[PDB]
Amino acid sequence: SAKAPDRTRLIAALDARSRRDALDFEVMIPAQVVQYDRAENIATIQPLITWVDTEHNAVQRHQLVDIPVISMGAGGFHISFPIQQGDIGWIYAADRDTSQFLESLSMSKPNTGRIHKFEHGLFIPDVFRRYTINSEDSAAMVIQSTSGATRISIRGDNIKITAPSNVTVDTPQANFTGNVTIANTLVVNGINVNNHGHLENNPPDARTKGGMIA
Amino acid sequence: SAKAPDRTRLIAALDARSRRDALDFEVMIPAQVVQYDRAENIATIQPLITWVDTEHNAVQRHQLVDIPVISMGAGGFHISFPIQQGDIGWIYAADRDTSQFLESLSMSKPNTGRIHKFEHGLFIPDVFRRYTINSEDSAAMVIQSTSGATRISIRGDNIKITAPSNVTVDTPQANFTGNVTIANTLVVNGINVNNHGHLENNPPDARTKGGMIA
Amino acid sequence: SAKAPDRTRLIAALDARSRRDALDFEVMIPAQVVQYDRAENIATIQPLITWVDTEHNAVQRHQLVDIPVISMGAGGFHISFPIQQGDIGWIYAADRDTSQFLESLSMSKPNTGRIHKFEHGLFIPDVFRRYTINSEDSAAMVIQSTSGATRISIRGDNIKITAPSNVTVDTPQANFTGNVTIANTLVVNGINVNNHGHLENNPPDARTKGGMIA
Amino acid sequence: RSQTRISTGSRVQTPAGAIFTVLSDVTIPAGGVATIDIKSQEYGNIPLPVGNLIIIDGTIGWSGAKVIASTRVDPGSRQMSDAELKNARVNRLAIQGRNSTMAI
Amino acid sequence: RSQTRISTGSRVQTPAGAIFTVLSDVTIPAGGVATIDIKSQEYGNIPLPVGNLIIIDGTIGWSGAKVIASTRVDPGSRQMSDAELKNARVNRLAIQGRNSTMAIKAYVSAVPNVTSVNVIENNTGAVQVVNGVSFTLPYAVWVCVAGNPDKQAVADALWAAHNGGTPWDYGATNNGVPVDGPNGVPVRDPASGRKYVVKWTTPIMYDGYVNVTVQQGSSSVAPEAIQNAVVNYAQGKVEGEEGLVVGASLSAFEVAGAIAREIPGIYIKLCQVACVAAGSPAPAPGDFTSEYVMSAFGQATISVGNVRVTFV
Amino acid sequence: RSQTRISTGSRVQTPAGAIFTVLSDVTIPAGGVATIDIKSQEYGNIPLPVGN
Numbered sequence: 008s009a010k011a012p013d014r015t016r017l018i019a020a021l022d023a024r025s026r027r028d029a030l031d032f033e034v035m036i037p038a039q040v041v042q043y044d045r046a047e048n049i050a051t052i053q054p055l056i057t058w059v060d061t062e063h064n065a066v067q068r069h070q071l072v073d074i075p076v077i078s079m080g081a082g083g084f085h086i087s088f089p090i091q092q093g094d095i096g097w098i099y100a101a102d103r104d105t106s107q108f109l110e111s112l113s114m115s116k117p118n119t120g121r122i123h124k125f126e127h128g129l130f131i132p133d134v135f136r137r138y139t140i141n142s143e144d145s146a147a148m149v150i151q152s153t154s155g156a157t158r159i160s161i162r163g164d165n166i167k168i169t170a171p172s173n174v175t176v177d178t179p180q181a182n183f184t185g186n187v188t189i190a191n192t193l194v195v196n197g198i199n200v201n202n203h204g205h206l207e208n209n210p211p212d213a214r215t216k217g218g219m220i221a
Numbered sequence: 008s009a010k011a012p013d014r015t016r017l018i019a020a021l022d023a024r025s026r027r028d029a030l031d032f033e034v035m036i037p038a039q040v041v042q043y044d045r046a047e048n049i050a051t052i053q054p055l056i057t058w059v060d061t062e063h064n065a066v067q068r069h070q071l072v073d074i075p076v077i078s079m080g081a082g083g084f085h086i087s088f089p090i091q092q093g094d095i096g097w098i099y100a101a102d103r104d105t106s107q108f109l110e111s112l113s114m115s116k117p118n119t120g121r122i123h124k125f126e127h128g129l130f131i132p133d134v135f136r137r138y139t140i141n142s143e144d145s146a147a148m149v150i151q152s153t154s155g156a157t158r159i160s161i162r163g164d165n166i167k168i169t170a171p172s173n174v175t176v177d178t179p180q181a182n183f184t185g186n187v188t189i190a191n192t193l194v195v196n197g198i199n200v201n202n203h204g205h206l207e208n209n210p211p212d213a214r215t216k217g218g219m220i221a
Numbered sequence: 008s009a010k011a012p013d014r015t016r017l018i019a020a021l022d023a024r025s026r027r028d029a030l031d032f033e034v035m036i037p038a039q040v041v042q043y044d045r046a047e048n049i050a051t052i053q054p055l056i057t058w059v060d061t062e063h064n065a066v067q068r069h070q071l072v073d074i075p076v077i078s079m080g081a082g083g084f085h086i087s088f089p090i091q092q093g094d095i096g097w098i099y100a101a102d103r104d105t106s107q108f109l110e111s112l113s114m115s116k117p118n119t120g121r122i123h124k125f126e127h128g129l130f131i132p133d134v135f136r137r138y139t140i141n142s143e144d145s146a147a148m149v150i151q152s153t154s155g156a157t158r159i160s161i162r163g164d165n166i167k168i169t170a171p172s173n174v175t176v177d178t179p180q181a182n183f184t185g186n187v188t189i190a191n192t193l194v195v196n197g198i199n200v201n202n203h204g205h206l207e208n209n210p211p212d213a214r215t216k217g218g219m220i221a
Numbered sequence: 106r107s108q109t110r111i112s113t114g115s116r117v118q119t120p121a122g123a124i125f126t127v128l129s130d131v132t133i134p135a136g137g138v139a140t141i142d143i144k145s146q147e148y149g150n151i152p153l154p155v156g157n158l159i160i161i162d163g164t165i166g167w168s169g170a171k172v173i174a175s176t177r178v179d180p181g182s183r184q185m186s187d188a189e190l191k192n193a194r195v196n197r198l199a200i201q202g203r204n205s206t207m208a209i
Numbered sequence: 106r107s108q109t110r111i112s113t114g115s116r117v118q119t120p121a122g123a124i125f126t127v128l129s130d131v132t133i134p135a136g137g138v139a140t141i142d143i144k145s146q147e148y149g150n151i152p153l154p155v156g157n158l159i160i161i162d163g164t165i166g167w168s169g170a171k172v173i174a175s176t177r178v179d180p181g182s183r184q185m186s187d188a189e190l191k192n193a194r195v196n197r198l199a200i201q202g203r204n205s206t207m208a209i210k211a212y213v214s215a216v217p218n219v220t221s222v223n224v225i226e227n228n229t230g231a232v233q234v235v236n237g238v239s240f241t242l243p244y245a246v247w248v249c250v251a252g253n254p255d256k257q258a259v260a261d262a263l264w265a266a267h268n269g270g271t272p273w274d275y276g277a278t279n280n281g282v283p284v285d286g287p288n289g290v291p292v293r294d295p296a297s298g299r300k301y302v303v304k305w306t307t308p309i310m311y312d313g314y315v316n317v318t319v320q321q322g323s324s325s326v327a328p329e330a331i332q333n334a335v336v337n338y339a340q341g342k343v344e345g346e347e348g349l350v351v352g353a354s355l356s357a358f359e360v361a362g363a364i365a366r367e368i369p370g371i372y373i374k375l376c377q378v379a380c381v382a383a384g385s386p387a388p389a390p391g392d393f394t395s396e397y398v399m400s401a402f403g404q405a406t407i408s409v410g411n412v413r414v415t416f417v
Numbered sequence: 106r107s108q109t110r111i112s113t114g115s116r117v118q119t120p121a122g123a124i125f126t127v128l129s130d131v132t133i134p135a136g137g138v139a140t141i142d143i144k145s146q147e148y149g150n151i152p153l154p155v156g157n
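Residue numbers (full-length UniProt numbering), protein chains in the order written: chain A, 8 to 221; chain B, 8 to 221; chain C, 8 to 221; chain D, 106 to 209; chain E, 106 to 417; chain F, 106 to 157.
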C-alpha cells in the first residue's frame, strides 16, 4: 500500500509517515457487543468497521474485552440500560492505559505505554434510528421501549407515563395533590369503591342498594 | 501562516509539519443543528468554532449533513429529546468513513479513505447553562423542561413528579401498593367520590344527605 | 526518556518525534470533580491518570478549572444529576480553544491556538461498578439512587416506580385511566375513605357504622 | 458464553499452583469445556480435586475445577534428591539385576 | 495473589508520611501479606494506624493498612547535638571507663534518647539518705533516667556498667517512678549465667510556667521571641548551661539570663516561675515565685504556651 | 472552597481601582482569606471602604 513517486521527495516520505502515524491513532468507531454483565460494567466488544488490504478484502477486527461501559451517573444517580449481545454503539479510546485505573477507580499510573488505542476505551450505547416514536410524542422527551409502548413522554406542560401492562408502584405513601380522572373501579383493599356499600341500624345491617352514586 | 526562521533548521520544518498535521485532526467541537428529523436520527449541523485566517478574520465552517445523533439506548430502551433547529451540542469525528456503516448498521468497510474528519461523526446534544433548577431539587436527579415545571426530581428517598397541567397515565392496571394523600375530589367514573351518596330500602331511594362525611 | 540508537538513523529520530507529538495529543482520560456548581455547569476537575518520569515516579496532573459538564438535552429537556466532589467520570478535549465559546454559546473564534489539550473539554459522569441492581430489574431500564432504592424500572411491558418514603406528585389534574390497586386507606381530603361513613334522614344524623363494605 | 480461554491462562491451587493452559480453547456455547494444563515448576505436585483459584480471565469465566476423570501424573524432579541420592543408591544398587528381592 | 510488589513503592500517610517500600514482596494466595518499609527522610511524623495510600505500584495492588502489632523505632537527630555537645562532654568524659558512678552516668547517657540522668552511690552505707532520695539498702546505686529510650537497650547499658557488688535501690515510694515496679527488667549477663535484675527509675514529671515583665526598650521590638529563648534554654541548646534536667531547679534568675543572652536590651523586670505536677491546672498568680527546689528526683518541662510575657 | 487564587488576580473599584494580588495564595476552605494588593499606577489612589 505505497506509491512509487514516494521515496523521491523528502516531503513524500514525510506525508506518508504522517498518514501512517494518523492511521494508527485510534479514536472512535461504531461497535457491537459480544459479551456483557451488568454487575461488573465491562463488555466484550467487536468493532463494526472493517480493515481493507490492497487486494480489497475486509479483515474483521479483533474483539475487545473488559471495556467499561458508560452509565452517566453523578452522586449515585446513574442511568442503566439492559445491554445485551447484538446491541450497537460507539467505542472511544483512552489517552493512556486504563487497565490499572479500572480495578481501583482512583488516581493511578498508566500500566502500559499503549497510547490512543482501542484496547482501552468506553462504549456508549446508541440505537440510531432503530426506534419508533408515537405521533402524540412528536415534541416531547420520550423515554420508551424498543418499539415503544411503555413510553414516558414528558411534554412542556404535561406528562404521559404510558404502559400496556401496569404502573405497579412500590411506594407506600403517595402525597399526591391534585384531581384524578380514574374512569374505572378502585378495588381499594378489595372493597371496590365503584360497587361498595354501607350498613346501618334502621334497617339493621341495611345493605344499601346499588353501589356508588353521587 | 509561517515564520521566517523556519526553512532554516530541519526541526523547524518538522514541528511546523506536526502543527499542520494536528490542525487537520478533527476530533470534537461545539456545534448547532440546522436540520433534524426524529424518524432517521440524522441532523444537518453547523459547527460553532470559526476558522481564522492570517488577517484575523473568521471564516465560518461548512454545514455538515447526515450526522447521526446519539440516543443512549440499550436493549431497545433509548432516550429521546425534541431535537429542533437552534439547539447546541458537541460533534465528534470517526476514525474512518462510516457512511457505508450508517445505512447498514452492521460490519462494513470504510467507504473512503477520509480519516478523522468532521464529515462523519456524532452530535451529542448539550444545554450547557440554559436551564433553571428549583431549590427543592438541590441534591436530586432532575429530568425537567427548559425553565423547569415538569421536573421529575428523584431524590435519595422520595420522588416528585411535577407537571403544571396533567399527569395523564394511559395504563389500565395500576398496582399502587400503599396509600395516597389526594386532597381533593375524585370524579371516579364521573361520580365524584368526594360528594357521593347512597340509597337504601328504608327510606326507599333515600338520597344520603351531603357528600362524604366520616 | 530516550534511546541510544536514536540519533543514528533518520526514522529513529522521526518516530521519536512522532511518539512525542502523539503523547502531547490530549484526547480523553478518567477524571474526578474537585469543585462544582449546578447553576453554571462548570466544574474544577483533577485528572485521575498520573504522569510518569524516567525515575518511575508519578506526578499528579493539574486541576483543570471551569470545564463544562455535559447535560444531554435538546429543546430544553435536559437531564441533570447532583454532581458532587469526589465523583468520577471522563474528561474530553476540544479541537481548539472553547473559552470564547463558553460564555456566549455562539459562533466565535478560538481564543488561543491551544489545540487538543485537556484543559478545554467536557466531563461526562460515569459510575462504573459503584451501583447495585436488584434482581427484579434484570432486563429493564432501571434508574436508581447510589445503592438503588428509588428505582424507576421501565420494563418491556410494566413500570415499577419504587421509592422508600413517598411518591409525591405535584400535578393538579391527574388523568389516569385504569384500575387502581391501592392496598391501604385513601385519606382523600383528610376523610379516610377506607373508614368512611354516611348520614341519612331515617334515622336522622345516623352515623352509618363501619367503613366501605360490599 | 463463548469465552476465549487463551493459552497460558494462569491458575493456582493451594500449594502455589501456577498452572498454565497448554493451548488456547474457545468456550462451547453450552458453557462447559475441558482444557489441558501444565505446571510451572518441575516438582512432584498433588493437585487437589477441587478448583481453587484462577488468575487470568475476561471476568466472564466463573472458575475452573478438577474432576475425578482428570489425568494427573506426579512428575520426577532432577535431584529434587541431591543429598538423598546417596540414600537411594544403596537401595537401588541392583537395578541392572533381575529375579531377586533386591532387584525387585 | 501471585503479584510482585516492586521496590521503592511509595506509601503516603495522611499527614504526608512519605514512607518508602525498601524490599520486594510477593502476595501469597491468602490475599494478605506483610511488608517492611522506611521513612523517606531524617524525620518521620508518627503514622496513625490507617489504610496507607498507594501511589506508585503495579496493576493488582489493592491496599495496605497499619496495626499496632507493627513495630516502631524513634528517631533522634539535629546536631544528635551541635553546641550542647560541649555540655555533654563533661558528662560523658568517662565513657571509656567502667564500674564507677561517672562511667555509669556516661554510658547511660550514651544510650540514645536519654536526655539526662542522675546517679547516686550512697557509699557511706547506713540506709539513711544521701544527697537526696532515701535508700533502703546501705550500699546501692540509684539511677534516674529521663527521656524515652528503649528499656532493653538502657538495661543492657546499665548492666554493662555494673560496678560489681552494688545492688540497685529505687524504692522509697515517691522517690522516682519504678520502670516496671518490683522485679525490674531481667536482662542477660554477657558472661553467660542467670538472668539478673537491674533497677532504675524515671523522674517525676513536672510542668513549669514563666511570667515575664519586659520594657521593650532600646527601640528593638520583639513580641514573642521571649518564649522561644526560654524553651531553648529549657531544652538545653545554650552553651554551658544544661537545661531542665533531673537535678535541675527552675530558677527565675536562670530564665532571665537565658532570655538576656538570646536578646539583650529589654530590661527584664519580673521573671516569676513556679511549677506544678504533670497534670493539674495553672498554679494561679499566687504560686508564681522566684525558685523551685526541684529535688534530685524529678524533671521539669516548660511548654511553649507556659511562658507569658507582658510589656510595660 | 479551597480555590487556588492565583498570583496577581486583579480587582477593580469604583474610581478605576485596578489592584492586583501580590503573591500566589490558596484560600482556606472556611470561606475567607487574607491577601496583599498592589496598585497598577503610581498615583495616589484611595479605595472606598466597600467591597466593589
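All C-beta atoms, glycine included, are put in the ideal place defined by N, C-alpha and C.
Here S186 of chain E has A193 as same chain residues with Cβ atoms under 7 Å from its own Cβ, once five neighbours each way along the sequence are excluded.
Any Cβ of chain A closer than 9 Å to the Cβ of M114 of chain C would place that residue at the interface, and such an atom is absent.
Here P171 of chain B has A156 as same chain residues with Cβ atoms under 6 Å from its own Cβ, once five neighbours each way along the sequence are excluded. Where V335 of chain E is concerned, the enclosing alpha helix (DSSP H) starts and stops at 331-340. By the neighbour-count criterion, in which a residue is buried when 16 or more other Cβ atoms sit within 10 angstroms of its Cβ, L128 of chain F is exposed.
Between the stretch 79-89 of chain B and the stretch 134-147 of chain A, the count of C-beta pairs closer than 8 Å reaches three or more; the two stretches touch. Membership of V381 of chain E in the beta strand (DSSP E) is indicated by the continuous run 380-382.
Chain-ordered, the chain E residues with CB closer than 7 Å to the CB of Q107 of chain A read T164.
Under DSSP, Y99 of chain A shares a beta bridge with A:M35. With distances taken between CA atoms, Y148 of chain D lies nearest to D:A121 out of D:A121, D:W167, D:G136, D:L190.
Within the stretch 14-30 of chain B, those residues whose Cβ lies closer than 7 Å to any Cβ of chain A are, in chain order, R24, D28.
By alpha-carbon distance to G185 of chain B, the top candidate from A:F108, A:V66, A:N191, A:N196 is A:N196.
With a cut-off of 8 Å on Cβ pairs, the stretch 176-192 of chain B is not in contact with the stretch 116-133 of chain C, counting fewer than three such pairs. At a C-beta separation below 7 Å, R106 of chain F has these neighbours in chain C: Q42.
At a cut-off of 9 Å between beta-carbon atoms, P120 of chain E makes no contact with chain D. Close CB contacts of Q92 of chain A within its chain, under the 6 Å cut and outside five residues either way in sequence, are with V40 (chain order).
Contact residues of the stretch 179-201 of chain C toward chain B are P179, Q180, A181, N182, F183, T184, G185, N186, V187, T188, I189, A190, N191, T192, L193, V194, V195, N196, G197, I198, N199, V200, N201 (C-beta to C-beta distance below 9 Å). With respect to the 9 Å criterion, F125 of chain A and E33 of chain A are classified as neighbours on the basis of their beta carbons. Counting other Cβ atoms within 10 Å of its Cβ, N201 of chain B reaches 16 or more and is therefore classed as buried. In the DSSP assignment, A215 of chain E falls within the alpha helix (DSSP H) that extends over 206-215. DSSP, read as helix, strand or coil, puts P390 of chain E in helix. With respect to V72 of chain B, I56 of chain B sits apart: the two C-beta atoms are not nearer than 9 Å. Excluding sequence positions up to five before and after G80 of chain A, its CB lies within less than 7 Å of the CB of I86, all in the same chain and listed in chain order. With a cutoff of 9 Å on beta-carbon distance, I77 of chain B and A38 of chain B are scored as not near each other.
Between the stretch 200-220 of chain C and the stretch 129-138 of chain D, the count of C-beta pairs closer than 8 Å stays below three; the two stretches do not touch. For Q107 of chain A, the enclosing alpha helix (DSSP H) begins and ends at 106-109.
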